[PDB]
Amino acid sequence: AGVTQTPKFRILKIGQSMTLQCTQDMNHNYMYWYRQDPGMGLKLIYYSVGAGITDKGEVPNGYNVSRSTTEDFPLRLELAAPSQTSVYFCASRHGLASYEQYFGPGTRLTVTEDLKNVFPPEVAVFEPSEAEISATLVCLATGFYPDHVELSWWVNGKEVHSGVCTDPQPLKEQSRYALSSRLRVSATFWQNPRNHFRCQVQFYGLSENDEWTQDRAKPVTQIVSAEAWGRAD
């Protein structure tokens, strides 16, 4: 019930416009917007110490802010630029004699010229193994751009964080990306044919009228998964 921003993931062509909204019902005076990326660190863009009044941070240009109400402090990108590909964080400082600053879940957006570079991931489940000493099976998402994906495992219809490990960073095939995950279960658990495994990745993508990708299809926002069953062997 703290700071909540939107959307989580975004893609777009250059010279294009976007609005990021941030909401807090926490009843806080001060709201911030931060920009992050691997090499440039975490830096402030815009900030507001109250409703109706804003002011500039370290990187005020490329961005614009209008705050009508205390609860919401959004920001807008008038013209998209490759420099603006990044992870933004809405913050809330309240505050009364308080410097504590709370952040929203964060948002990730990317800017690409052609927009035909966008591809949905290809999911596969690989079922091991010979030499099961005690069973760890892996899932591969391959050839996806942009980098926005949510990967996870569903066993018998339920998501499990139990034995799951996923790569913190995706591999580069040269755009484009490949991610790998894995889970490890008891030897007898995998050997039960009644047990079902699904490796699912949610790919965020275009919404409407891009149009699509080179040689048709579309890279819309979708879910692609892979299926495996218990092997009696």
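The first residue of the sequence shown is number 1, and the count goes up from there.
The entry shows a gap from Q174 to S175, with 4 to 9 unmodelled residues of the deposited sequence in between. According to the PDB entry, the deposited sequence contains 4 to 9 residues between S134 and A135 that lack coordinates.
Here the stretch with the larger average CA B-factor, out of 189 to 197 and 36 to 44, is 36 to 44.
Taking the PDB entry as given, 92 to 100 carries the higher mean Cα B factor of the two stretches 92 to 100 and 152 to 160. Residues shown: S180, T69, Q202, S207. Highest C-alpha temperature factor in the entry: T69. Highest C-alpha temperature factor among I11, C22, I223, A217 per the entry: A217.
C165: CA B factor lies in the lowest third for its chain, per the PDB record.
Remark: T142 belongs to the middle third of its chain, ranked by C-alpha B-factor as recorded. In this PDB entry, the Cα temperature factor of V87 sits in the bottom third of its chain's modelled residues, the lowest group. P105 sits in the lowest third of its chain by CA B factor, as recorded in the PDB entry.
Among the modelled residues of its chain, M31 has a C-alpha B-factor that falls in the lowest third according to the deposited record.
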